[PDB]
Amino acid sequence: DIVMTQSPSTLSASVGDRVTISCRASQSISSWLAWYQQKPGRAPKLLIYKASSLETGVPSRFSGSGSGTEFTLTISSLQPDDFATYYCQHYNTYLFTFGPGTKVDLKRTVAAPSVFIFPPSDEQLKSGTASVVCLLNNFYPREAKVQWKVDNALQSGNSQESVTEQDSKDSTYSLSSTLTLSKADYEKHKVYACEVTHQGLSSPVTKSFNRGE
Amino acid sequence: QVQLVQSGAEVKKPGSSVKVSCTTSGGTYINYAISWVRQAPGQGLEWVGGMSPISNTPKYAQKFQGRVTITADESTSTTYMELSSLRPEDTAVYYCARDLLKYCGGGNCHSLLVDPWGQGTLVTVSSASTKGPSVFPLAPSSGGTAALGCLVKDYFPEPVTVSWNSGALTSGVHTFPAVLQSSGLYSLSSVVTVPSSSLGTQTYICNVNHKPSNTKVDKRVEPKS
Amino acid sequence: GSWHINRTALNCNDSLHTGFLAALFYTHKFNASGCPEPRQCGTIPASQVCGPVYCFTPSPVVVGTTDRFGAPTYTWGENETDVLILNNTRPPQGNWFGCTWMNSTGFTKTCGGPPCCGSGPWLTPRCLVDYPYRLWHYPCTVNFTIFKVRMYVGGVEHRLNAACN
Ligand SMILES: *[C@@H]1O[C@H](CO)[C@@H](O[C@@H]2O[C@H](CO)[C@@H](O)[C@H](O)[C@H]2NC(C)=O)[C@H](O)[C@H]1NC(C)=O
Ligand SMILES: *[C@@H]1O[C@H](CO)[C@@H](O[C@@H]2O[C@H](CO)[C@@H](O)[C@H](O)[C@H]2NC(C)=O)[C@H](O)[C@H]1NC(C)=O
Ligand SMILES: *[C@@H]1O[C@H](CO)[C@@H](O)[C@H](O)[C@H]1NC(C)=O
Ligand SMILES: *[C@@H]1O[C@H](CO)[C@@H](O)[C@H](O)[C@H]1NC(C)=O
Ligand SMILES: *[C@@H]1O[C@H](CO)[C@@H](O)[C@H](O)[C@H]1NC(C)=O
């Protein structure tokens with residue numbers, strides 16, 4: 001089968017930059033290549049077909065080049081509406097095949113997270129489980145590391161985290177990490193701590209509480 | 001003003017089948033060839049299949065051979081995708097779009113998935129059973145800004161919506177993507193940052209709505225005593 | 001169909017996503033709710049033509065792609081030198097000549113018509129000449145009735161089917 005790949009997988013750029021992203025086909029696909037733009041949670045949008053033909057209504061700052069196995073999409077001058085994931089796609093009478101996509105996010109100044117930690121509620125404890133939540137608010141860039149410690153014991157494999165999409169107003173990210181424990185185990189221990197590593201911090205930040213206080 | 005309208009979200013046990021529909025309106029012609037593309041949570045786009053605008057016969061990614069059948073009702077401008085032997089990894093939002101013959105080269109013509117797309121149909125495939133969430137407070141504790149929130153725990157299926165103070169509080173709200181726990185239930189947190197000088201005095205309520213289980217909860221979040 | 005020969009100009013571009021290019025393969029039902037809403041015939045660059053070109057004497061004849069000197073060409077009108085010389089299907093005797101075709105972006109074009117006020121295949125304000133791509137060029141005539149008619153143009157008898165409202 002023909003396999004489409006893209007590079008790079010992610011790109012940070014500023015409003016006004018020239019941006020070029022790349023798409024490769026495992027075999028020759030002539031000019032039968034299209035580009036799609038997709039914002040989170042919404043349907044994709046066709047931008048370019050026949051390698052270089054702009055779809056009706058698409059701004060001229062978009063362009064596409066290439067033939068055979070190597071293709072590019074170019075934005076001559078990035079605009080706020082352009083931050084999105086871009087997928088290439090080979091089409092023929094029998095199938096469509098998408099590439100894995102390239103996410104372009106808006107570069108801004110580095111920003112350290114504000115860190116907060118939340119003990120489990122007494123209501124939840126009554127039910128048999130304890131969730132401890134750690135919040136990293138409004139940071140940039142996206143890379144961040146959370147480490148959980150319970151009475152200095154490093155927790156591995158019993159947390160889950162998720163990250164919002166880049167904020168439309170300040171362009172930062174926020175992250176939540178939830179440590180799951182049984183009630184009996186939660187009540188065996190005193191110091192619950194969340195340690196955060198991020199570019200904007202000269203050294204890691206710890207927020208902690210003592211159970212009960 | 002062509003529109004594509006999909007049927008509603010579905011919840012299925014593994015091994016069962018689902019049949020999702022896409023109806024066109026506002027068109028120049030009564031019927032259009034329709035194709036289907038899905039996207040699993042956090043993943044890329046994956047073409048599934050549709051009707052060919054040339055042969056008016058189904059065409060599929062053969063990854064789905066033997067468990068996808070595509071049909072069309074000409075009198076109701078509707079196309080159906082039936083996916084059988086469902087597996088958890090079939091959990092995804094399924095979109096439809098016209099597969100439209102757009103240009104020709106050398107006597108051969110080429111079709112593209114063109115605008116407008118359908119709104120999407122969430123299909124969840126799981127042995128879990130429908131269940132509404134428990135809502136727990138994330139309670140404020142420094143400096144000029146305080147954080148508080150709600151933990152929306154152990155529900156199935158997606159989605160839940162969270163608002164604050166009935167929509168009067170939107171700035172500074174972060175409602176995180178849900179996570180799927182090894183129990184098979186989802187969990188989601190929603191937080192907001194507020195002036196510390198408000199903690200005694202402004203009331204904060206997270207409005208949680210889980211339409212699949214018909215569960216609505218308004219939970220007041222106050223500083224712990 | 002008869003249109004998929006290399007002498008048909010096939011420069012099609014459904015920029016507005018009407019579906020008209022699909023109508024050329026598979027016969028499609030038009031949305032009738034959209035229906036209610038003297039030029040000379042010369043030489044048309046093939047680059048602005050999609051699908052077969054018909055002229056009417058009033059009898060219908062197809063015009064294939066040639067170069068600008070009338071030599072038939074077989075590249076689907078994709079060569080910059082390809083044309084449709086409509087007037088080479090005009091009979092030497094007769095005041096009745098019109099043609100019709102689809103342009104690149106799916107609009108029906110017309111030239112000439114009855115002597116005169118009616119252009120292309122239209123005989124009267126309620127009748128046009130029937131021909132194999134009438135429903136593609138004129139989808140709003142789908143329920144017109146077919147009548148056998150006889151016409152005399154400068155003395156020669158023409159026997160054709162008219163579709164009439
Ligand atoms: C299909 O038609 C559209 C117009 O409906 C073409 O769009 C313009 O094409 C020209 C020349 O290629 C560009 O300079 C314009 O920027 C395009 N946009 C405008 C103003 O409509 C389109 O190129 C045609 N596509 C093909 C493949 O023939
Ligand atoms: C196909 O025909 C349409 C309709 O005549 C053309 O669109 C017109 O273009 C002229 C300029 O050349 C404008 O003044 C009109 O307003 C347009 N009319 C409409 C309703 O669009 C179209 O440009 C033609 N395309 C080709 C490739 O020949
Ligand atoms: C036909 O056109 C009318 C008027 O736009 C529209 O309301 C209707 O949805 C169209 N029918 C179909 C099946 O597209
Ligand atoms: C033609 O008649 C058919 C059958 O009664 C009807 O469905 C269709 O809408 C009509 N079309 C037009 C153009 O009036
Ligand atoms: C054009 O089509 C005819 C059949 O209609 C065929 O015999 C001829 O070889 C074709 N020529 C080219 C250039 O493909």
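Protein chains get the first letters and strands the later ones, always in sequence-line order, with residue 1 at the start of each. Only this structure's heavy atoms are used, side chains among them; waters, hydrogens and symmetry mates stay out.
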Q. Is there any disulfide bond (SG atoms under 2.5 Å apart) pair reaching into residues 10-53 of chain B, and which pairs are they, with sequence neighbours excluded?
A. B/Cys22-B/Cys96

**Q.** salt bridge (charged side-chain N to carboxylate O under 4.0 Å, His left out) partners for B/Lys219, two or more places apart
**A.** A/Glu123

(Q) Between C/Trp136 and C/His28 (judged by ring centroids, cut-off 6.0 Å), do the two rings come close enough to count as a pair? (A) no

(Q) Atom CH2 of residue position A/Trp32 - does it have more than 12 heavy atoms of other residues, nucleotides or ligands inside 6.0 Å? (A) no

Q.
Main chain of B/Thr130, side chain of B/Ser213: is a donor-acceptor contact present, judged purely on distance under 3.5 Å?
A. no

Q.
Please check: side-chain N/O of C/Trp76 versus main-chain N/O of B/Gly106, any donor-acceptor pairing under 3.5 Å?
A. yes

Q: Can you sort out the partners of A/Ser63 under side-chain contact (heavy atoms from CB on, under 4.5 Å), two or more places apart, ordered by chain and number?
A: A/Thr74

Q) So do B/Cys104 and C/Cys12 have their SG atoms closer than 2.5 Å? A) no

Q | Neighbour count >12 (heavy atoms, 6.0 Å) for atom NZ, A/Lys145 | A | yes

Q) For B/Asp154, which residues count as a salt bridge (charged side-chain N to carboxylate O under 4.0 Å, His left out) partner, sequence neighbours excluded? A) none

Q) Does the side chain of B/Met81 come within less than 4.5 Å of B/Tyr94's, by heavy atoms? A) yes

Q) Residues two or more places apart in sequence or in another chain: which of them pass salt bridge (charged side-chain N to carboxylate O under 4.0 Å, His left out) with A/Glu143? A) none

Q: May I have all residue pairs that pass salt bridge (charged side-chain N to carboxylate O under 4.0 Å, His left out) and include part of residues 27-48 of chain A, sequence neighbours excluded?
A: A/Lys39-A/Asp81

**Q.** Donor-acceptor contact below 3.5 Å, side chain A/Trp35 vs main chain A/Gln89
**A.** no

Q: Look at the aromatic rings of B/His174 and B/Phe176 and report parallel, tilted or perpendicular, splitting at 30° and 60°.
A: tilted

Q: Indicate, with yes or no, if the rings of B/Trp47 and A/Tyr91 have centres closer together than 6.0 Å.
A: no

**Q.** Min side-chain heavy-atom separation A/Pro44-A/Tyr87 under 4.5 Å
**A.** no

Q. With B/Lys12, which residues qualify under salt bridge (charged side-chain N to carboxylate O under 4.0 Å, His left out), at least two apart?
A. B/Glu10

Q: Applying side-chain contact (heavy atoms from CB on, under 4.5 Å), run through B/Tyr95 and B/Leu4 and close with a yes or a no.
A: CA-CA 10 Å; B/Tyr95 299 91; B/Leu4 269 62; over 6 Å; no

Q: Answer yes or no: are there more than 12 heavy-atom neighbours, outside B/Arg87 itself, under 6.0 Å from its atom CZ?
A: no

Q | B/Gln119 side chain vs B/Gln6 backbone, donor-acceptor pair below 3.5 Å | A | yes

(Q) Tell me whether the rings of A/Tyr49 and B/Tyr103 are parallel (<30°), tilted (30 to 60°) or perpendicular (>60°). (A) tilted

Could you tabulate the donor-acceptor pairs under 3.5 Å formed by side-chain atoms of residues 65-73 of chain A, not counting sequence neighbours?
unit_1  : atom_1 : unit_2  : atom_2 : d
A/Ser65 : OG     : A/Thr72 : OG1    : 2.9
A/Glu70 : OE2    : A/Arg24 : NH1    : 2.4

Q) Hey, is the main chain of C/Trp3 close enough, under 3.5 Å, to the side chain of C/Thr8 for a donor-acceptor pair? A) yes

Q: Using the six-membered ring of B/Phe156, assess whether NZ or CZ of B/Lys131 lies under 6.0 Å from its centre and within 45 degrees of the ring axis.
A: no

Q) For A/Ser31, what residues pass the side-chain contact (heavy atoms from CB on, under 4.5 Å) criterion, not counting sequence neighbours? A) A/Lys50, A/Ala51

**Q.** Set of side-chain contact (heavy atoms from CB on, under 4.5 Å) partners for C/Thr18, sequence neighbours left out
**A.** B/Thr28, C/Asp14, C/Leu16, C/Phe20

Indicate every side-chain donor-acceptor pair of residues 6-13 of chain A with a distance under 3.5 Å to a residue at least two apart or in another chain.
unit_1  : atom_1 : unit_2   : atom_2 : d
A/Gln6  : OE1    : A/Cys88  : N      : 3.1
A/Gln6  : OE1    : A/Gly101 : N      : 2.9
A/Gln6  : NE2    : A/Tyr86  : O      : 2.9
A/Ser12 : OG     : A/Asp105 : OD1    : 2.3
A/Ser12 : OG     : A/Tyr140 : OH     : 3.1

**Q.** Non-neighbouring partners of B/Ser17 that pass side-chain contact (heavy atoms from CB on, under 4.5 Å), sequence neighbours left out
**A.** B/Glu82, B/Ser84

